[PDB]
Amino acid sequence: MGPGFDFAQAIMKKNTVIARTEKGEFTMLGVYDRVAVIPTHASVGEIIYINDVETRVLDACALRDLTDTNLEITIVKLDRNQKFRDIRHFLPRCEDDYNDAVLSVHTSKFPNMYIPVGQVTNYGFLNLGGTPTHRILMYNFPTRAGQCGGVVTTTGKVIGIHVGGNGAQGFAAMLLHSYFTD
């Protein structure tokens with residue numbers, strides 16, 4: 001409807017796949033080459049389904065900060081025959097607050113879903129499903145089951161992936177450029 005949704009759509013159409021693990025279907029953001037991200041609670045194994053194709057996982061790393069605190073981001077390298085468009089130049093370098101963000105989801109259950117979530121707070125610490133978690137972004141939308149892995153964007157930046165909610169607020173794990181240096 002506007003330039004927020006325009007940027008979000010451009011990311012969804014070229015840089016997302018549907019990932020299925022034993023824990024469900026997730027929006028998965030492809031970042032560069034065969035490297036993607038997914039919430040750590042997806043519990044990625046040796047094999048994952050990507051757009052319903054059986055795919056070997058070449059490497060998977062559950063990120064933690066240097067306080068050894070969960071970040072709730074898993075980086076996955078996929079044995080896929082095709083590279084993602086490189087979107088690393090759209091990743092923020094530092095922890096920040098944002099105005100006017102969109103949360104975008106693409107699954108069997110929620111195809112082509114775009115939610116204007118508004119102001120995003122650098123929340124920091126969250127007890128997420130009982131796990132102390134750092135680098136959490138917060139937005140005031142009643143997000144629901146099925147939105148995990150959803151991509152959070154502003155115009156020109158990909159800032160996070162949706163990892164939880166409490167019925168009134170939603171929470172995303174930050175994406176930072178430094179996670180994807182190669």
# chains A, B, ... in the order shown; residues from 1 in each chain; ligands from 1
>>> closest_atom_pairs(of="region 63-83 of chain A", to="region 17-24 of chain A", cutoff="12 Å", atoms="only C-alpha atoms", output="CSV")
residue,atom,partner,partner_atom,distance
A:76,CA,A:19,CA,11.0
A:78,CA,A:19,CA,10.8
A:80,CA,A:17,CA,11.6
>>> residues_around(residues="region 56-64 of chain A", least_positions_apart="5", cutoff="6 Å", atoms="only C-alpha atoms", output="NGL selection string")
:A and (46-47 or 69-71 or 73-79)
>>> closest_residue(among="A:138, A:128, A:72, A:9", to="residue 106 (chain A)", atoms="only C-alpha atoms")
A:9
>>> closest_residue(among="A:147, A:135, A:164, A:180", to="residue 34 (chain A)", atoms="only C-alpha atoms")
A:180
>>> select_by_dssp(residues="region 71-139 of chain A", states="strand (DSSP E)", output="PyMOL selection string")
chain A and resi 71-78+98-105+113-128+131-139
>>> write_last_selection(atoms="N, CA and C atoms", output="CSV table (one decimal), in the first residue's frame")
chain,number,residue,atom,x,y,z
A,71,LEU,N,20.6,-15.8,21.8
A,71,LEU,CA,20.0,-14.8,20.9
A,71,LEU,C,18.8,-15.2,20.1
A,72,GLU,N,18.5,-16.5,20.1
A,72,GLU,CA,17.3,-17.1,19.5
A,72,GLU,C,17.4,-17.1,18.0
A,73,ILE,N,18.6,-16.9,17.4
A,73,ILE,CA,18.9,-17.0,15.9
A,73,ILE,C,19.7,-18.2,15.7
A,74,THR,N,19.2,-19.1,14.8
A,74,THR,CA,20.1,-20.2,14.2
A,74,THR,C,20.4,-19.8,12.8
A,75,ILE,N,21.7,-19.8,12.4
A,75,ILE,CA,22.2,-19.7,11.0
A,75,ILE,C,22.4,-21.1,10.5
A,76,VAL,N,21.8,-21.3,9.3
A,76,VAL,CA,21.8,-22.6,8.6
A,76,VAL,C,22.4,-22.4,7.2
A,77,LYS,N,23.3,-23.3,6.9
A,77,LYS,CA,23.8,-23.5,5.5
A,77,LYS,C,23.1,-24.7,4.9
A,78,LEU,N,22.4,-24.5,3.8
A,78,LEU,CA,21.5,-25.5,3.1
A,78,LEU,C,22.3,-26.1,1.9
A,98,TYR,N,13.5,1.7,16.0
A,98,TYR,CA,13.0,1.9,14.6
A,98,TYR,C,11.6,2.5,14.7
A,99,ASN,N,11.2,3.3,13.7
A,99,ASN,CA,9.8,3.7,13.4
A,99,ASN,C,9.3,2.9,12.2
A,100,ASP,N,8.0,2.6,12.3
A,100,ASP,CA,7.2,2.2,11.1
A,100,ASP,C,7.8,0.9,10.5
A,101,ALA,N,7.7,-0.2,11.2
A,101,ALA,CA,8.2,-1.5,10.7
A,101,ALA,C,7.0,-2.4,10.2
A,102,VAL,N,7.3,-3.3,9.3
A,102,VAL,CA,6.4,-4.3,8.8
A,102,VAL,C,6.9,-5.7,9.2
A,103,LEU,N,6.0,-6.5,9.6
A,103,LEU,CA,6.3,-8.0,9.9
A,103,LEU,C,5.6,-8.7,8.7
A,104,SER,N,6.4,-9.5,8.0
A,104,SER,CA,5.9,-10.2,6.8
A,104,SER,C,6.2,-11.8,7.0
A,105,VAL,N,5.1,-12.5,6.7
A,105,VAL,CA,5.1,-14.0,6.9
A,105,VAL,C,4.6,-14.7,5.6
A,113,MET,N,1.3,-12.6,3.9
A,113,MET,CA,0.8,-11.8,5.0
A,113,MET,C,1.8,-10.7,5.4
A,114,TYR,N,1.3,-9.5,5.5
A,114,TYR,CA,2.1,-8.3,5.8
A,114,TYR,C,1.3,-7.6,6.9
A,115,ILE,N,2.0,-7.2,8.0
A,115,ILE,CA,1.4,-6.6,9.2
A,115,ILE,C,2.2,-5.3,9.5
A,116,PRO,N,1.5,-4.1,9.5
A,116,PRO,CA,2.2,-2.9,9.9
A,116,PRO,C,2.2,-2.9,11.4
A,117,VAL,N,3.4,-3.0,12.0
A,117,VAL,CA,3.5,-3.2,13.5
A,117,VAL,C,3.9,-1.9,14.2
A,118,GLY,N,4.3,-0.9,13.4
A,118,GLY,CA,4.5,0.5,14.0
A,118,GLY,C,5.9,0.6,14.6
A,119,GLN,N,6.0,1.3,15.7
A,119,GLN,CA,7.2,1.6,16.4
A,119,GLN,C,7.9,0.4,17.0
A,120,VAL,N,9.2,0.2,16.8
A,120,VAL,CA,10.0,-1.0,17.3
A,120,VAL,C,11.0,-0.4,18.4
A,121,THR,N,10.8,-1.0,19.7
A,121,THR,CA,11.7,-0.6,20.8
A,121,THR,C,12.9,-1.6,20.9
A,122,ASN,N,14.1,-1.1,21.1
A,122,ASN,CA,15.2,-1.9,21.6
A,122,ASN,C,15.0,-2.3,23.0
A,123,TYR,N,14.4,-3.5,23.2
A,123,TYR,CA,13.9,-4.0,24.5
A,123,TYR,C,15.0,-4.5,25.3
A,124,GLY,N,15.9,-5.3,24.6
A,124,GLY,CA,17.1,-5.9,25.3
A,124,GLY,C,16.8,-7.3,25.8
A,125,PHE,N,16.8,-7.4,27.2
A,125,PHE,CA,16.6,-8.7,27.9
A,125,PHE,C,15.1,-9.0,27.9
A,126,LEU,N,14.8,-10.3,27.6
A,126,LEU,CA,13.5,-10.9,27.6
A,126,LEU,C,13.7,-12.4,28.1
A,127,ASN,N,12.9,-12.8,29.1
A,127,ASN,CA,12.7,-14.2,29.5
A,127,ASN,C,11.7,-14.8,28.5
A,128,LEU,N,12.2,-15.5,27.4
A,128,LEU,CA,11.4,-15.9,26.3
A,128,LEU,C,11.2,-17.4,26.4
A,131,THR,N,13.7,-18.9,28.7
A,131,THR,CA,15.1,-18.8,28.3
A,131,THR,C,15.5,-17.4,28.4
A,132,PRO,N,16.5,-16.9,29.2
A,132,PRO,CA,17.0,-15.6,29.2
A,132,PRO,C,17.5,-15.3,27.7
A,133,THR,N,17.1,-14.2,27.1
A,133,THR,CA,17.4,-13.9,25.7
A,133,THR,C,17.8,-12.4,25.6
A,134,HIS,N,18.8,-12.1,24.8
A,134,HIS,CA,19.3,-10.7,24.6
A,134,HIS,C,19.0,-10.3,23.2
A,135,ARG,N,19.2,-9.0,23.0
A,135,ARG,CA,19.0,-8.3,21.7
A,135,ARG,C,17.5,-8.4,21.1
A,136,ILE,N,16.5,-8.3,22.0
A,136,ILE,CA,15.1,-8.4,21.6
A,136,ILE,C,14.6,-7.1,21.2
A,137,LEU,N,13.9,-7.0,20.1
A,137,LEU,CA,13.1,-5.9,19.6
A,137,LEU,C,11.7,-6.1,20.0
A,138,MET,N,10.9,-5.1,20.4
A,138,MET,CA,9.5,-5.2,20.8
A,138,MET,C,8.6,-4.3,20.0
A,139,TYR,N,7.5,-4.8,19.6
A,139,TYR,CA,6.4,-4.0,18.9
A,139,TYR,C,5.1,-4.4,19.5
>>> residues_around(residues="residue 161 (chain A)", least_positions_apart="5", cutoff="10 Å", atoms="only C-alpha atoms", output="number ranges by chain")
A: 27-29, 37-39, 72-73, 103-104, 136-137, 147-153, 171-175
>>> write_last_selection(atoms="N, CA, C and O atoms", output="mmCIF file, in the first residue's frame")
data_model
loop_
_atom_site.group_PDB
_atom_site.id
_atom_site.type_symbol
_atom_site.label_atom_id
_atom_site.label_comp_id
_atom_site.auth_asym_id
_atom_site.auth_seq_id
_atom_site.Cartn_x
_atom_site.Cartn_y
_atom_site.Cartn_z
ATOM 1 N N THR A 27 8.585 -19.285 8.358
ATOM 2 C CA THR A 27 9.217 -18.327 7.424
ATOM 3 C C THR A 27 10.720 -18.395 7.696
ATOM 4 O O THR A 27 11.127 -18.222 8.846
ATOM 5 N N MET A 28 11.513 -18.573 6.648
ATOM 6 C CA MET A 28 12.994 -18.642 6.730
ATOM 7 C C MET A 28 13.548 -17.579 5.784
ATOM 8 O O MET A 28 13.199 -17.599 4.602
ATOM 9 N N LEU A 29 14.369 -16.679 6.307
ATOM 10 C CA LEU A 29 15.023 -15.607 5.534
ATOM 11 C C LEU A 29 16.370 -16.098 4.984
ATOM 12 O O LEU A 29 17.225 -16.487 5.771
ATOM 13 N N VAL A 37 18.505 -17.875 7.961
ATOM 14 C CA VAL A 37 18.272 -17.797 9.427
ATOM 15 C C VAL A 37 16.867 -18.295 9.769
ATOM 16 O O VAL A 37 15.934 -18.205 8.926
ATOM 17 N N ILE A 38 16.709 -18.758 10.996
ATOM 18 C CA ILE A 38 15.428 -19.334 11.506
ATOM 19 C C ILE A 38 15.468 -19.204 13.023
ATOM 20 O O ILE A 38 16.542 -19.189 13.625
ATOM 21 N N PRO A 39 14.327 -19.041 13.723
ATOM 22 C CA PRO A 39 14.394 -19.078 15.183
ATOM 23 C C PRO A 39 14.959 -20.409 15.700
ATOM 24 O O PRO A 39 14.705 -21.472 15.163
ATOM 25 N N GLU A 72 18.503 -16.524 20.113
ATOM 26 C CA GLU A 72 17.305 -17.143 19.474
ATOM 27 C C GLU A 72 17.401 -17.101 17.952
ATOM 28 O O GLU A 72 16.397 -17.421 17.312
ATOM 29 N N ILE A 73 18.601 -16.899 17.391
ATOM 30 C CA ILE A 73 18.854 -16.953 15.921
ATOM 31 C C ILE A 73 19.690 -18.207 15.665
ATOM 32 O O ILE A 73 20.768 -18.324 16.311
ATOM 33 N N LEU A 103 5.998 -6.530 9.634
ATOM 34 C CA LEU A 103 6.289 -7.955 9.874
ATOM 35 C C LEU A 103 5.637 -8.744 8.747
ATOM 36 O O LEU A 103 4.396 -8.639 8.573
ATOM 37 N N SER A 104 6.436 -9.472 7.952
ATOM 38 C CA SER A 104 5.947 -10.241 6.777
ATOM 39 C C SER A 104 6.151 -11.751 6.981
ATOM 40 O O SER A 104 7.255 -12.176 7.397
ATOM 41 N N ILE A 136 16.546 -8.315 21.987
ATOM 42 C CA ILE A 136 15.121 -8.430 21.586
ATOM 43 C C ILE A 136 14.574 -7.062 21.199
ATOM 44 O O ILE A 136 14.882 -6.038 21.851
ATOM 45 N N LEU A 137 13.883 -7.047 20.075
ATOM 46 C CA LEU A 137 13.098 -5.902 19.579
ATOM 47 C C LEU A 137 11.652 -6.143 19.996
ATOM 48 O O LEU A 137 11.191 -7.304 19.924
ATOM 49 N N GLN A 147 3.489 -16.983 13.106
ATOM 50 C CA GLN A 147 4.271 -15.806 12.650
ATOM 51 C C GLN A 147 5.768 -15.968 12.954
ATOM 52 O O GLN A 147 6.554 -15.102 12.451
ATOM 53 N N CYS A 148 6.187 -17.053 13.625
ATOM 54 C CA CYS A 148 7.620 -17.205 14.001
ATOM 55 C C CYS A 148 8.457 -17.369 12.739
ATOM 56 O O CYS A 148 8.048 -18.132 11.821
ATOM 57 N N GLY A 149 9.556 -16.603 12.690
ATOM 58 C CA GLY A 149 10.488 -16.587 11.550
ATOM 59 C C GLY A 149 10.121 -15.423 10.643
ATOM 60 O O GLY A 149 10.909 -15.087 9.715
ATOM 61 N N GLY A 150 8.975 -14.795 10.926
ATOM 62 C CA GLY A 150 8.489 -13.687 10.099
ATOM 63 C C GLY A 150 9.557 -12.630 10.021
ATOM 64 O O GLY A 150 10.296 -12.453 10.985
ATOM 65 N N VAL A 151 9.661 -11.934 8.915
ATOM 66 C CA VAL A 151 10.744 -10.941 8.736
ATOM 67 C C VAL A 151 10.246 -9.564 9.144
ATOM 68 O O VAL A 151 9.152 -9.107 8.653
ATOM 69 N N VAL A 152 11.038 -8.886 9.953
ATOM 70 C CA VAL A 152 10.777 -7.477 10.361
ATOM 71 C C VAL A 152 11.650 -6.543 9.533
ATOM 72 O O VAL A 152 12.899 -6.638 9.588
ATOM 73 N N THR A 153 11.003 -5.638 8.781
ATOM 74 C CA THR A 153 11.705 -4.648 7.950
ATOM 75 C C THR A 153 11.230 -3.222 8.240
ATOM 76 O O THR A 153 10.104 -3.007 8.692
ATOM 77 N N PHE A 171 7.799 -10.001 19.719
ATOM 78 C CA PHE A 171 9.251 -9.918 19.972
ATOM 79 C C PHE A 171 10.021 -10.504 18.782
ATOM 80 O O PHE A 171 9.671 -11.591 18.267
ATOM 81 N N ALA A 172 11.078 -9.797 18.377
ATOM 82 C CA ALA A 172 11.949 -10.245 17.286
ATOM 83 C C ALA A 172 13.394 -10.298 17.805
ATOM 84 O O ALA A 172 13.763 -9.406 18.590
ATOM 85 N N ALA A 173 14.173 -11.252 17.302
ATOM 86 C CA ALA A 173 15.653 -11.296 17.487
ATOM 87 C C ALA A 173 16.283 -10.350 16.470
ATOM 88 O O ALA A 173 15.864 -10.383 15.305
ATOM 89 N N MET A 174 17.194 -9.487 16.892
ATOM 90 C CA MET A 174 17.882 -8.554 15.983
ATOM 91 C C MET A 174 18.651 -9.345 14.963
ATOM 92 O O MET A 174 19.242 -10.386 15.357
ATOM 93 N N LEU A 175 18.706 -8.838 13.730
ATOM 94 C CA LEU A 175 19.731 -9.268 12.755
ATOM 95 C C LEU A 175 20.779 -8.141 12.695
ATOM 96 O O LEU A 175 20.420 -6.995 12.580
#
>>> closest_residue(among="A:68, A:93, A:55, A:3", to="residue 81 (chain A)", atoms="only C-alpha atoms")
A:55
>>> atom_distance(atom1="CA of residue 66 (chain A)", atom2="CA of residue 94 (chain A)")
15.3 Å
>>> atom_distance(atom1="CA of residue 11 (chain A)", atom2="CA of residue 26 (chain A)")
15.7 Å
>>> decode(residues="region 167-182 of chain A", atoms="N, CA and C atoms", output="compact mmCIF listing (two decimals), in the first residue's frame")
# COMPACT_ATOMS: atom_id res chain seq x y z
N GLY A 167 0.57 -12.08 23.60
CA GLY A 167 -0.84 -11.74 23.33
C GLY A 167 -1.06 -10.27 23.00
N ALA A 168 -0.28 -9.34 23.58
CA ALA A 168 -0.38 -7.88 23.37
C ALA A 168 0.83 -7.33 22.58
N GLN A 169 1.99 -7.90 22.84
CA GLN A 169 3.26 -7.49 22.18
C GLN A 169 3.86 -8.66 21.41
N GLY A 170 4.66 -8.32 20.39
CA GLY A 170 5.48 -9.30 19.67
C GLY A 170 6.95 -8.99 19.88
N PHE A 171 7.80 -10.00 19.72
CA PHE A 171 9.25 -9.92 19.97
C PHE A 171 10.02 -10.50 18.78
N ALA A 172 11.08 -9.80 18.38
CA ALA A 172 11.95 -10.24 17.29
C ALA A 172 13.39 -10.30 17.81
N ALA A 173 14.17 -11.25 17.30
CA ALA A 173 15.65 -11.30 17.49
C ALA A 173 16.28 -10.35 16.47
N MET A 174 17.19 -9.49 16.89
CA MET A 174 17.88 -8.55 15.98
C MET A 174 18.65 -9.35 14.96
N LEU A 175 18.71 -8.84 13.73
CA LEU A 175 19.73 -9.27 12.76
C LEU A 175 20.78 -8.14 12.70
N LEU A 176 22.04 -8.49 12.79
CA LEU A 176 23.17 -7.55 12.67
C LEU A 176 24.10 -8.02 11.55
N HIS A 177 24.65 -7.08 10.80
CA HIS A 177 25.59 -7.34 9.68
C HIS A 177 26.72 -8.29 10.14
N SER A 178 27.24 -8.08 11.35
CA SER A 178 28.41 -8.84 11.87
C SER A 178 28.08 -10.32 12.00
N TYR A 179 26.81 -10.73 12.08
CA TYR A 179 26.48 -12.19 12.13
C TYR A 179 26.85 -12.89 10.81
N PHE A 180 26.95 -12.16 9.68
CA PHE A 180 27.02 -12.83 8.35
C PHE A 180 28.27 -12.45 7.56
N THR A 181 29.33 -12.04 8.25
CA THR A 181 30.65 -11.78 7.60
C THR A 181 31.25 -13.15 7.24
N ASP A 182 31.83 -13.27 6.04
CA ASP A 182 32.29 -14.57 5.45
C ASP A 182 33.73 -14.43 4.94
